[PDB]
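To start, the structure itself, in structure tokens.
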Amino acid sequence: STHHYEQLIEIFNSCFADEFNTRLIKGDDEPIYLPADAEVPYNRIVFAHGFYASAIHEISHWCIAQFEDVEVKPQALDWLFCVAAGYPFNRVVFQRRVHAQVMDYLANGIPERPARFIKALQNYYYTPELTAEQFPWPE
Ligand SMILES: [Mg+2]
């Protein structure tokens, strides 16, 4: 499969534009959240640069909502999303924390919004069910 940020916009919107009135938007240098207003009547998650990985990361942050602690769960969702999409995921100590969080999600449950997005990615890209074996321990 190819991987283009435009695909993530369509997949995200298919998942969330109705139920949560939220859409994904390609921006400039800034990640932004812009609430619905009277002119543009839907919430916007804006990601920086026309870059697949950038869009993934903002979707993860939206799903969740010293810097290391704040970033563990969003980066775990990043990893889950990347594997669900067939996209490569991207020191060692931190990624091992992220790996443990991925295992926590797989073992104990993925929250509703990222779970929905993962299922949609799998149908969009024709990928198999997630297994923990697809997430190698950082070495
Ligand atoms: Mg982040």
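Residues in the structure tokens are named by chain (A, B, ... in the order shown) and by number from 1 within that chain; ligands are numbered from 1 in the order shown.
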
Can you tell me, as a list in words, what residues are no more than 10 Å from residue 4 of chain A when counting only C-alpha atoms, ignoring any on the same chain fewer than 4 positions away?
residues 8, 9, 50, 51, 52, 53 and 55 of chain A

Hey, can you spit out that residue selection with N, CA, C and O atoms as a PDB file, in the first residue's frame?
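To be explicit, this is the file written out as result16.pdb:
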```pdb
ATOM      1  N   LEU A   8      -5.071   9.588   5.366  1.00  0.00           N
ATOM      2  CA  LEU A   8      -5.394   9.737   6.783  1.00  0.00           C
ATOM      3  C   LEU A   8      -6.514  10.743   7.003  1.00  0.00           C
ATOM      4  O   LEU A   8      -7.347  10.554   7.893  1.00  0.00           O
ATOM      5  N   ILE A   9      -6.546  11.804   6.197  1.00  0.00           N
ATOM      6  CA  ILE A   9      -7.633  12.769   6.282  1.00  0.00           C
ATOM      7  C   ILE A   9      -8.969  12.086   5.997  1.00  0.00           C
ATOM      8  O   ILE A   9      -9.927  12.250   6.741  1.00  0.00           O
ATOM      9  N   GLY A  50       2.926  18.450   4.947  1.00  0.00           N
ATOM     10  CA  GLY A  50       2.197  17.394   4.283  1.00  0.00           C
ATOM     11  C   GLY A  50       2.941  16.096   4.466  1.00  0.00           C
ATOM     12  O   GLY A  50       3.572  15.590   3.543  1.00  0.00           O
ATOM     13  N   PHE A  51       2.865  15.565   5.680  1.00  0.00           N
ATOM     14  CA  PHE A  51       3.731  14.482   6.116  1.00  0.00           C
ATOM     15  C   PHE A  51       2.892  13.458   6.877  1.00  0.00           C
ATOM     16  O   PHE A  51       2.272  13.790   7.893  1.00  0.00           O
ATOM     17  N   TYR A  52       2.843  12.228   6.369  1.00  0.00           N
ATOM     18  CA  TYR A  52       2.074  11.136   6.977  1.00  0.00           C
ATOM     19  C   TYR A  52       2.303  10.994   8.484  1.00  0.00           C
ATOM     20  O   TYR A  52       1.346  10.950   9.267  1.00  0.00           O
ATOM     21  N   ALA A  53       3.566  10.962   8.894  1.00  0.00           N
ATOM     22  CA  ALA A  53       3.900  10.768  10.305  1.00  0.00           C
ATOM     23  C   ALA A  53       3.382  11.907  11.184  1.00  0.00           C
ATOM     24  O   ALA A  53       3.000  11.697  12.339  1.00  0.00           O
ATOM     25  N   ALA A  55       0.632  13.765  10.586  1.00  0.00           N
ATOM     26  CA  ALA A  55      -0.805  13.555  10.741  1.00  0.00           C
ATOM     27  C   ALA A  55      -1.079  12.470  11.791  1.00  0.00           C
ATOM     28  O   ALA A  55      -1.913  12.669  12.672  1.00  0.00           O
TER      29      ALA A  55
END
```

Environment of ligand 1 within 7 Å, counting only C-alpha atoms and all ligand atoms, reported as a list in words
residues 57, 61, 71, 74 and 75 of chain A

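Closest approach to residue 130 of chain A among A:2, A:83, A:90, A:30 is made by A:83 (distances from only C-alpha atoms).
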
Could you tell me which of A:44, A:3, A:96, A:91 comes closest to residue 23 of chain A if we count only C-alpha atoms?
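Closest to residue 23 of chain A, using only C-alpha atoms: A:44.
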
Please tabulate, as CSV, the residues of segment 23-99 of chain A that come within 8 Å of segment 107-122 of chain A, each with its closest pair of atoms and the distance in Å to one decimal, counting only C-alpha atoms and ordering rows by chain, then residue number upward.
```
residue,atom,partner,partner_atom,distance
A:60,CA,A:114,CA,7.5
A:63,CA,A:113,CA,6.1
A:77,CA,A:114,CA,7.2
A:80,CA,A:118,CA,7.5
A:81,CA,A:118,CA,6.0
A:84,CA,A:122,CA,5.5
A:85,CA,A:121,CA,5.4
```

Can you pull out every residue from segment 7-99 of chain A that DSSP, working from the backbone, puts in helix (DSSP H, G or I), and format the result as an MDAnalysis selection string?
chainID A and resid 7:16 52:64 67:85 92:99

Every residue of segment 15-48 of chain A that DSSP places in strand (DSSP E or B), as a PyMOL selection string:
chain A and resi 22-26+32-34+43-47

So, counting only C-alpha atoms, which residue among A:22, A:135, A:6, A:62 is closest to residue 79 of chain A?
A:135

Which residues come within 8 Å of residue 73 of chain A, counting only C-alpha atoms, excluding same-chain residues fewer than 6 positions away, as JSON, numbers by chain?
{"A": [64, 98, 101]}
